[PDB]
């Protein structure tokens, strides 16, 4: 059920939800997938994460225009790395309102990323302050705590079985958490478990670098992270 559109892949996950996949080919390492979400919410589209590049992100907007033909009201990006925020200029050139964690926007210049137009803030329990995320419709934004990065956020789609862990969550078969160089190894396990507790009805876990998985992706990520403490 995948649709290819130039160098991009779209997979419908629900009546109103698609996963977008873009690829960066590294010589001698191969193509690396990064996944985000496209959500149809009545008469508008909401995007979660850019593609690796502006050109790839422009192609996402072209696919949306062709397959959904509704305006993109906003995009939320889940941390200040290239796979999630590489395409901010393409969103801005299209007049799309962009949202990120205030900390993502603060880190963005140091990470070589373009900051979102708007900053999200979070309660002590991890839930987004609603006034910083106006008209997010079914997007439920949760800051689980530091893990993959200090700024990583997650998004549940209300009225679906879908929760997006971004780069925080690894698939249930992963051999490791990958590169722990700039990770928060102390808090990673608790952040993974908080994401799980925030979206208890999510049975489909979408993540940046694997195919959609079961809640076993959350437990496996947390148990791998338990061995870092």
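Think of the rigid core as the biggest set of C-alphas that the two forms share within 1.5 Å after superposition. Residue numbers count along the first chain shown, from 1.
- Taking the rigid core as the alignment reference, the C-alpha atoms of 172 to 180 lie farther on average from the displayed form in 6 other deposited structures of this protein than those of the other stretch among 172 to 180 and 58 to 66.
- RMS Cα deviation from the shown model in 6 other deposited structures of this protein, rigid core fit, is larger for 181 to 189 than for the other stretch of the pair 198 to 206 / 181 to 189.
- Compared with other deposited structures of the same protein, residue 26 meets the criterion of being unmodelled in at least one third of those that resolve residues on both sides.
- Higher mean CA temperature factor between 129 to 137 and 97 to 105: 129 to 137, per the PDB entry.
- Look at the C-alpha B-factors of 181 to 189 and of 48 to 56. On average they run higher in 181 to 189.
- Residue-level inspection of the entry shows that, of 124, 155, 72, 116, 124 has the top Cα B-factor.
- In this PDB entry, residue 111 carries a Cα temperature factor that places it within the highest third of its chain's modelled residues.
- Residue 207: CA B factor lies in the middle third for its chain, per the PDB record.
- In this PDB entry, the Cα temperature factor of residue 26 sits in the top third of its chain's modelled residues, the highest group.
- Among the modelled residues of the chain, residue 174 sits in the highest third by CA temperature factor in this PDB entry.
- In the PDB entry, a CA B factor belonging to the highest third of its chain's modelled residues is recorded for residue 32.
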